[PDB]
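Okay, so we've got the same protein chain twice, two forms, each given alone as structure tokens, structure 1 and structure 2.
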Structure 1
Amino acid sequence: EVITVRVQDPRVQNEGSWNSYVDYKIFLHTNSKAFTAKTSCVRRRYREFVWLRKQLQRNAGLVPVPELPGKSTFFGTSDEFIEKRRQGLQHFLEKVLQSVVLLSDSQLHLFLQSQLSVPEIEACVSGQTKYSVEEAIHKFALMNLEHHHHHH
């Protein structure tokens, strides 16, 4: 695997409050030149993955985008519900990162290597920010290193 990706450590955030949510830790490591940060670790919720798939389906190769786990008719917090959604998210990313065309998606790179919100990504990839995509990812890499990933 030229790109290593793992969706791990799912957690119910703000448990019990009106705006509780589940998010997922995304770990990536690659030597590919397409990525600004050689290693990255972010947290994202399912609703952001749904947005990310829509961005990817606008690609110029008309390449298929892997399916996501289904949407829920309830707020799911069971261990089994969360694990199966975690498995499907990892499969989704593993498949996405095997496509050269999808590796040109700037939103994907900010999704994976920064903690910018979805609107912030949209503003950055539309030329409405002071910083470039590469600058944002590099600054996050300096800000977010915590020595959890040893070189091989």
Structure 2
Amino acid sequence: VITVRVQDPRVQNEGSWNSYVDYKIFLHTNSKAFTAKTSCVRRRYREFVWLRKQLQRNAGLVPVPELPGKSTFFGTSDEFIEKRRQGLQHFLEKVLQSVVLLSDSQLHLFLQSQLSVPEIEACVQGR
């Protein structure tokens, strides 16, 4: 049993030049494929773009699910964020259906560690 939810979108350093949205990734599981049984970590969209690219580089012909993308339609910021949230949740759901993508150490550090993306990358490049 694996329950993965992308939840509670929030604006970080709000009212500032470098404000951005990140998303809470809730993972609960009874599988020791994970080092922790409950995790919460916050990830921003550009971190997901990195993860998709790092998964492709390690997975050979195993197909990596698509990220939602950018819309060509104005709406509310609220409806855009909600469609994106749904796309990030579908992406993680489909990742976690592959034995091969599940085995990837970069996926485990993304979902269950507080390591930044350059620190995760430095761990793999540094052995």
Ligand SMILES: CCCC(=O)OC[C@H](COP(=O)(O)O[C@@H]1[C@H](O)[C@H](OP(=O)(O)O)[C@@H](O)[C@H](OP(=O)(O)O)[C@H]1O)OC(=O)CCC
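Here, residue number means position along structure 1's sequence, counting from 1. Rigid core here is just the name for the largest C-alpha set that superposes within 1.5 Å across the two forms. Residues that one form lacks are left out of the comparison.
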Query raised in the report: Of these two, which one is the form solved without the ligand?
Result: 1
Query raised in the report: residue 78: with the rigid core matched between the two structures, does its Cα shift 2 Å or more?
Result: no
Query raised in the report: Comparing between the two structures on the rigid core, is the C-alpha shift at residue 61 2 Å or larger?
Result: yes
Report task. After lining up the core, report the Cα displacement of residue 9 between the two structures in Å, one decimal place. Result -> 0.3
Report task. State the core-superposed CA shift for residue 114 between the two structures, in Å to one decimal. Result -> 1.0
Report summary line: Students should find the CA displacement of residue 33 between the two structures, rigid core aligned, in Å, to be 2.1
Report task. Would you please work out which stretches of at least three consecutive shared residues show Cα displacements of 2 Å or more throughout between the two structures, after fitting on the rigid core? Result -> 58 to 61, 71 to 77
